[PDB]
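A short worksheet on the structure shown next.
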Amino acid sequence: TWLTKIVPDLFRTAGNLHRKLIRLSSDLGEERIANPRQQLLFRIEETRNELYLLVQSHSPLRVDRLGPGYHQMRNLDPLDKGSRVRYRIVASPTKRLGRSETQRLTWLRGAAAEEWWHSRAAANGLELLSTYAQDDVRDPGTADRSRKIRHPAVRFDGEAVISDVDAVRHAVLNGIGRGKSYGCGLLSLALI
DNA sequence: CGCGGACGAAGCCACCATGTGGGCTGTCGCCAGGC
């Protein structure tokens, strides 16, 4: 993978955030499996002005119109088990259930979000997830370009001893939780 | 030598007072639900 610090300017909506992330990468690929996760990822870091954002990626980004005045960028290749390292992350805990008139949506509170998350990591890296328990988007009018929704993210943080390296790294590259294209998924680690 | 231009010749009369005015303008919170 490879990491960059980038910052869009004029961002009014989340979908245009997605599009500004894909229009700077020409050769794009998508390798999918029926039920498993798709194989960029990204995290919103400062949103009231322009919008600074950390991107994880496979294909190299170069500045575009109204981009940075420079191409930071580093290419990284990943992490010994038993050792603790800093984590991080935004995701959307949900419960899907039959809806009157299907619906994404202990169990809310800060304890089934912790249950949900450590479910997400599973045998990979053991961690503690900052529990949130509370973003809107609409289509920019372009045909076949989504529509309008709501949503709710949660950020999580600390050091996460990993129990399987290739598989937590697998999780780092695949992403944790739905809506990866709308801010979620990216797990960030650092040595303790 | 002739014509044209310029200049000249007058008749002239002389203790103490100040006040006016009035005419041009635009703004949100967003989304969802119910009537």
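Order determines the names: the first chain of the structure tokens is A, the second B, and so forth; residues in each chain are numbered 1 upward, and ligands are numbered 1 upward as they are shown.
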
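Residues from chain A found within 12 Å of chain B are residues 136, 137, 138, 148, 149 and 150 of chain A, counting only C-alpha atoms (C1' of nucleotides).
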
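Secondary structure from DSSP on the backbone puts helix (DSSP H, G or I) at the following positions of region 11-96 of chain A: residues 14, 15, 16, 17, 18, 19, 20, 21 and 22 of chain A.
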
Nearby residues (only C-alpha atoms (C1' of nucleotides)) at most 10 Å from residue 54 (chain A), same-chain spacing under 6 positions excluded, as number ranges by chain: A: 3-7, 41-46, 72, 186, 188

For residue 140 (chain A): contacts at 9 Å, only C-alpha atoms (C1' of nucleotides), fewer than 6 positions along chain excluded, given as a PyMOL selection string: chain A and resi 13+15-16+146-147

8 Å contact set for residue 123 (chain A), only C-alpha atoms (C1' of nucleotides), chain neighbours under 3 positions out, as a VMD selection string: chain A and resid 126 163 to 164

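Picture a line from CA of residue 176 (chain A) to CA of residue 56 (chain A); it runs 13.4 Å.
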
Length of the CA of residue 121 (chain A) to CA of residue 92 (chain A) vector [Å]: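 Between CA of residue 121 (chain A) and CA of residue 92 (chain A) the gap is 14.0 Å.
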
Nearby residues (only C-alpha atoms (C1' of nucleotides)) at most 8 Å from residue 160 (chain A), same-chain spacing under 6 positions excluded, as a PyMOL selection string: chain A and resi 84-87+125-128

Any chance you can output those residues with N, CA and C atoms as a compact mmCIF listing (two decimals), in the first residue's frame?
# COMPACT_ATOMS: atom_id res chain seq x y z
N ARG A 84 2.48 -4.05 21.01
CA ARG A 84 1.39 -3.10 20.88
C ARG A 84 1.81 -1.99 19.90
N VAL A 85 0.84 -1.47 19.15
CA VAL A 85 1.08 -0.41 18.19
C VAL A 85 -0.22 0.38 18.14
N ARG A 86 -0.09 1.68 17.86
CA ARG A 86 -1.24 2.59 17.79
C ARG A 86 -2.22 2.19 16.69
N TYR A 87 -3.51 2.29 16.99
CA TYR A 87 -4.55 1.99 16.02
C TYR A 87 -5.23 3.30 15.65
N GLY A 125 -6.19 -8.31 15.08
CA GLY A 125 -5.54 -7.51 16.09
C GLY A 125 -6.51 -7.14 17.17
N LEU A 126 -6.10 -7.43 18.40
CA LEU A 126 -6.94 -7.11 19.53
C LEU A 126 -6.79 -5.64 19.86
N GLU A 127 -7.93 -4.99 20.12
CA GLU A 127 -7.92 -3.54 20.24
C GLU A 127 -9.12 -3.10 21.06
N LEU A 128 -9.13 -1.81 21.39
CA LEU A 128 -10.22 -1.17 22.10
C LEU A 128 -10.77 -0.12 21.14

Straight-line distance linking CA of residue 192 (chain A) with CA of residue 83 (chain A), stated in Å to one decimal: 8.2 Å

DSSP strand (DSSP E) residues within region 5-165 of chain A, as a ChimeraX atom specification: /A:5-6,41-46,52-57,73-75,85-86,89-91,137-138,148-149,154-156

Contacts of residue 132 (chain A) within 12 Å, only C-alpha atoms (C1' of nucleotides), excl. fewer than 5 positions in-chain, as a ChimeraX atom specification: /A:89-93,108-114,117,152-157
